[PDB]
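See structure below.
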Amino acid sequence: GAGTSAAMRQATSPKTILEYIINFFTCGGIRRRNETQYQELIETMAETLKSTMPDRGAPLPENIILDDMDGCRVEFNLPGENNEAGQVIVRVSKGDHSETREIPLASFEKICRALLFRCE
């Protein structure tokens, strides 16, 4: 049967996916091959966020679960007031695979605000 749709999508590496996520929150909007791949990130995040948000501008969620990101589970962990790093811990995983990295809270949060505002 035709049940290799997610199996086709998952052909990418979870580390590679993590990297383009990092590249998005640092500088997203290149006009080579960036547009489509990152567009999927924009819409998936924008929708899952506004779905757990009242509308826009309010306190955005601390854990953003994206289990189906290129067949890879990624969990965005926003730091609390007692956290000394003040950075976002991104955790992408894929069965035997696991990858963890940090990005500035300023970058992730401002893009996530602008993403809710981009939806309007």
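Just remember, in the structure tokens the first chain shown is A, the second B, etc., residues are 1-based per chain, and ligands are 1-based in the order shown.
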
* **Non-local contacts of range 92-95 of chain A (8 Å; only C-alpha atoms; under 6 positions in same chain excluded) as number ranges by chain** => A: 14-15, 18, 71-75

Could you save the residues just selected, with C-alpha atoms, as an mmCIF file, in the first residue's frame?
```cif
data_model
loop_
_atom_site.group_PDB
_atom_site.id
_atom_site.type_symbol
_atom_site.label_atom_id
_atom_site.label_comp_id
_atom_site.auth_asym_id
_atom_site.auth_seq_id
_atom_site.Cartn_x
_atom_site.Cartn_y
_atom_site.Cartn_z
ATOM 1 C CA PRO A 14 17.271 15.352 12.775
ATOM 2 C CA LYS A 15 20.596 17.260 13.224
ATOM 3 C CA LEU A 18 17.840 21.242 14.021
ATOM 4 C CA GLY A 71 9.730 12.465 11.051
ATOM 5 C CA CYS A 72 11.706 13.962 13.992
ATOM 6 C CA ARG A 73 10.346 14.951 17.447
ATOM 7 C CA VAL A 74 11.587 18.468 18.422
ATOM 8 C CA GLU A 75 10.758 20.089 21.786
#
```

* To do: Write out as a count of residues only the residues lying within 10 Å of range 54-56 of chain A, counting only C-alpha atoms and excluding same-chain residues fewer than 3 positions away.
  => 13

* To do: Just list the residues in range 40-117 of chain A DSSP gives strand (DSSP E or B) on the backbone, as a VMD selection string.
  => chain A and resid 63 to 69 72 to 77 87 to 94 97 to 104

Can I get the selection written as an mmCIF file, in the first residue's frame, with N, CA, C and O atoms?
```cif
data_model
loop_
_atom_site.group_PDB
_atom_site.id
_atom_site.type_symbol
_atom_site.label_atom_id
_atom_site.label_comp_id
_atom_site.auth_asym_id
_atom_site.auth_seq_id
_atom_site.Cartn_x
_atom_site.Cartn_y
_atom_site.Cartn_z
ATOM 1 N N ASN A 63 6.877 25.261 26.261
ATOM 2 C CA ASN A 63 7.210 24.022 25.529
ATOM 3 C C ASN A 63 6.404 23.989 24.229
ATOM 4 O O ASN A 63 5.165 24.027 24.255
ATOM 5 N N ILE A 64 7.126 23.957 23.091
ATOM 6 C CA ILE A 64 6.529 23.825 21.754
ATOM 7 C C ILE A 64 6.886 22.426 21.224
ATOM 8 O O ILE A 64 8.045 22.159 20.872
ATOM 9 N N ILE A 65 5.889 21.530 21.218
ATOM 10 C CA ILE A 65 6.047 20.145 20.753
ATOM 11 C C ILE A 65 5.764 20.078 19.250
ATOM 12 O O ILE A 65 4.702 20.505 18.799
ATOM 13 N N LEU A 66 6.728 19.554 18.496
ATOM 14 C CA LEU A 66 6.589 19.285 17.055
ATOM 15 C C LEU A 66 7.135 17.874 16.764
ATOM 16 O O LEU A 66 8.294 17.705 16.374
ATOM 17 N N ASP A 67 6.282 16.870 16.993
ATOM 18 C CA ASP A 67 6.655 15.444 16.897
ATOM 19 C C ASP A 67 6.896 15.005 15.432
ATOM 20 O O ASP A 67 7.668 14.081 15.167
ATOM 21 N N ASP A 68 6.261 15.710 14.487
ATOM 22 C CA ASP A 68 6.177 15.288 13.065
ATOM 23 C C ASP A 68 7.093 16.126 12.151
ATOM 24 O O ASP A 68 6.897 16.136 10.927
ATOM 25 N N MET A 69 8.128 16.782 12.725
ATOM 26 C CA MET A 69 9.026 17.669 11.950
ATOM 27 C C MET A 69 10.065 16.838 11.201
ATOM 28 O O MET A 69 11.108 16.502 11.766
ATOM 29 N N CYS A 72 10.873 13.721 12.807
ATOM 30 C CA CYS A 72 11.706 13.962 13.992
ATOM 31 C C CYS A 72 10.886 14.745 15.034
ATOM 32 O O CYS A 72 10.163 15.703 14.687
ATOM 33 N N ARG A 73 10.971 14.294 16.292
ATOM 34 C CA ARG A 73 10.346 14.951 17.447
ATOM 35 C C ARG A 73 11.288 16.049 17.962
ATOM 36 O O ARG A 73 12.377 15.751 18.445
ATOM 37 N N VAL A 74 10.860 17.313 17.856
ATOM 38 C CA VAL A 74 11.587 18.468 18.422
ATOM 39 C C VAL A 74 10.729 19.171 19.480
ATOM 40 O O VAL A 74 9.543 19.434 19.273
ATOM 41 N N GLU A 75 11.363 19.440 20.628
ATOM 42 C CA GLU A 75 10.758 20.089 21.786
ATOM 43 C C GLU A 75 11.551 21.365 22.099
ATOM 44 O O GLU A 75 12.741 21.300 22.446
ATOM 45 N N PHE A 76 10.905 22.524 21.913
ATOM 46 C CA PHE A 76 11.497 23.829 22.219
ATOM 47 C C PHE A 76 11.218 24.174 23.687
ATOM 48 O O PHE A 76 10.057 24.327 24.075
ATOM 49 N N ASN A 77 12.284 24.268 24.490
ATOM 50 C CA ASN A 77 12.207 24.558 25.935
ATOM 51 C C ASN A 77 12.668 25.999 26.216
ATOM 52 O O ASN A 77 13.852 26.325 26.076
ATOM 53 N N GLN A 87 18.585 31.098 27.789
ATOM 54 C CA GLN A 87 18.603 30.650 26.383
ATOM 55 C C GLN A 87 17.600 29.511 26.187
ATOM 56 O O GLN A 87 17.233 28.821 27.140
ATOM 57 N N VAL A 88 17.169 29.344 24.937
ATOM 58 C CA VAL A 88 16.210 28.317 24.519
ATOM 59 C C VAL A 88 16.943 27.007 24.211
ATOM 60 O O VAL A 88 17.818 26.977 23.340
ATOM 61 N N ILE A 89 16.568 25.930 24.918
ATOM 62 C CA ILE A 89 17.151 24.594 24.712
ATOM 63 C C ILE A 89 16.249 23.828 23.728
ATOM 64 O O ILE A 89 15.117 23.461 24.068
ATOM 65 N N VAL A 90 16.743 23.638 22.499
ATOM 66 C CA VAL A 90 16.046 22.882 21.452
ATOM 67 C C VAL A 90 16.497 21.402 21.521
ATOM 68 O O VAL A 90 17.698 21.103 21.600
ATOM 69 N N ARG A 91 15.516 20.490 21.560
ATOM 70 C CA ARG A 91 15.754 19.042 21.713
ATOM 71 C C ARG A 91 15.076 18.278 20.570
ATOM 72 O O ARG A 91 13.873 18.018 20.632
ATOM 73 N N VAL A 92 15.842 17.936 19.523
ATOM 74 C CA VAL A 92 15.328 17.127 18.398
ATOM 75 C C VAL A 92 15.795 15.670 18.588
ATOM 76 O O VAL A 92 16.909 15.427 19.040
ATOM 77 N N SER A 93 14.931 14.714 18.236
ATOM 78 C CA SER A 93 15.149 13.283 18.474
ATOM 79 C C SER A 93 14.442 12.481 17.378
ATOM 80 O O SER A 93 13.471 12.965 16.785
ATOM 81 N N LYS A 94 14.931 11.258 17.116
ATOM 82 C CA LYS A 94 14.439 10.426 16.016
ATOM 83 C C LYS A 94 14.856 8.960 16.259
ATOM 84 O O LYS A 94 15.826 8.458 15.659
ATOM 85 N N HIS A 97 18.369 8.405 17.312
ATOM 86 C CA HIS A 97 18.936 9.754 17.194
ATOM 87 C C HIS A 97 18.482 10.643 18.360
ATOM 88 O O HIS A 97 17.348 10.524 18.844
ATOM 89 N N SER A 98 19.384 11.528 18.786
ATOM 90 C CA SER A 98 19.115 12.596 19.756
ATOM 91 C C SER A 98 20.131 13.725 19.520
ATOM 92 O O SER A 98 21.325 13.458 19.306
ATOM 93 N N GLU A 99 19.650 14.968 19.544
ATOM 94 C CA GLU A 99 20.453 16.162 19.277
ATOM 95 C C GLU A 99 19.874 17.313 20.106
ATOM 96 O O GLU A 99 18.651 17.495 20.161
ATOM 97 N N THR A 100 20.755 18.073 20.761
ATOM 98 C CA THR A 100 20.368 19.148 21.677
ATOM 99 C C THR A 100 21.317 20.334 21.470
ATOM 100 O O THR A 100 22.536 20.143 21.342
ATOM 101 N N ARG A 101 20.752 21.546 21.440
ATOM 102 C CA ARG A 101 21.493 22.785 21.157
ATOM 103 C C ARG A 101 20.769 23.966 21.820
ATOM 104 O O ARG A 101 19.624 23.823 22.263
ATOM 105 N N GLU A 102 21.441 25.122 21.922
ATOM 106 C CA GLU A 102 20.854 26.349 22.493
ATOM 107 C C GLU A 102 20.879 27.483 21.471
ATOM 108 O O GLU A 102 21.761 27.540 20.617
ATOM 109 N N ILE A 103 19.885 28.363 21.578
ATOM 110 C CA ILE A 103 19.798 29.638 20.840
ATOM 111 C C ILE A 103 19.430 30.762 21.825
ATOM 112 O O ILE A 103 18.802 30.481 22.848
ATOM 113 N N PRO A 104 19.838 32.044 21.550
ATOM 114 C CA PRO A 104 19.417 33.211 22.363
ATOM 115 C C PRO A 104 17.876 33.319 22.479
ATOM 116 O O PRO A 104 17.154 33.200 21.471
#
```

* Residue set, chain A restricted to alpha helix (DSSP H), as JSON, numbers by chain -> {"A": [5, 6, 7, 8, 9, 14, 15, 16, 17, 18, 19, 20, 21, 22, 23, 24, 25, 26, 27, 34, 35, 36, 37, 38, 39, 40, 41, 42, 43, 44, 45, 46, 47, 48, 49, 50, 51, 52, 105, 106, 107, 108, 109, 110, 111, 112, 113, 114, 115, 116, 117, 118, 119]}

* To do: Within 9 Å of range 33-40 of chain A, counting only C-alpha atoms, which residues show up once you throw out same-chain ones fewer than 6 positions away? Write them as a PyMOL selection string, please.
  => chain A and resi 20-21+24

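The shortest atom-to-atom distance to residue 16 in chain A, with only C-alpha atoms taken into account, belongs to A:70 out of A:48, A:43, A:31, A:70.
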